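Quick setup: one chain, the form deposited in one PDB entry, written in structure tokens, and binding and motion questions come after.
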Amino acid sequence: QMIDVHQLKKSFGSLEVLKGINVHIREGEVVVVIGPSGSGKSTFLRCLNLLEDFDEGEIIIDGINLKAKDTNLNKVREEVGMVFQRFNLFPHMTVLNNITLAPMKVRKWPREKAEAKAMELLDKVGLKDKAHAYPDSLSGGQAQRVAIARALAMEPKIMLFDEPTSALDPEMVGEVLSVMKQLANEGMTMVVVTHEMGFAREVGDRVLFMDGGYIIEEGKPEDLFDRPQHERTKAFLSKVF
């Protein structure tokens, strides 16, 4: 009941990007999403984060129905964090200020409280000493960890990841995946669009393969990667792994 989607459809003009998506993710589940570009993976995530609107079907995030009147969108918005492939940081402010901005403005937390918690989070990602540094001095691996710390600072119940390490140098991937695994080990509800097989196998509860606007196949990590049942899945897997 954490994330419930029924026959979701979305189009950009006369190009149908999502052609009827069905997904039901319960609290604590870690769902990995794979598939070629153009399959609507990001669009799907963007819909769950209220960053994009959808045409048909419906979405229910932890009870609250997104297209129902009443509701209150901004409440859902804040219990769902998101980490993108790139960016995620204000280059004009310190690491610390990047993390406390939303908790102060949206949760009206006094600066001292927000910072004490930011420091804690920064410490848990191994970067407490980067607190007063600006984003430019950080490496790709540190920057993405700060970006996760920032999304976590709002204390969300759902964490969305859109290829968080695909743009990183191989050496930087690990430090980022580790934080994600800890987040997984700690029971967070996660949806992760990634092509990092290792991560999927270790903490992924289920893998959904998206292609051409549909979820072509599902399964436990090793079942889908090693025993793909659909022809399209096998073809795509052999182009990546």
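Throughout, rigid core stands for the largest set of C-alpha atoms superposing within 1.5 Å between the two forms. Note that residue numbering follows the sequence shown and begins at 1.
What follows is about the form deposited in another entry, which we do not show.
Engineer: Inspect the rigid-core superposition and answer whether the C-alpha of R86 shifts by 2 angstroms or more between this form and the one not shown.
Structural biologist: No, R86 moves less than 2 Å.
Engineer: Just checking, between this form and the one not shown and with the core aligned, does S166 shift 2 Å or more at the CA?
Structural biologist: Shift of 2 Å or more: no.
Engineer: Does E186 move appreciably between this form and the one not shown, meaning a CA displacement of 2 Å or more on the superposed rigid core?
Structural biologist: It does not reach a 2 Å shift.
Engineer: Closer or farther apart in the other form, the C-alpha atoms of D70 and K105, for a change of 3 Å or more?
Structural biologist: Their C-alpha distance shrinks by at least 3 Å in the other form.
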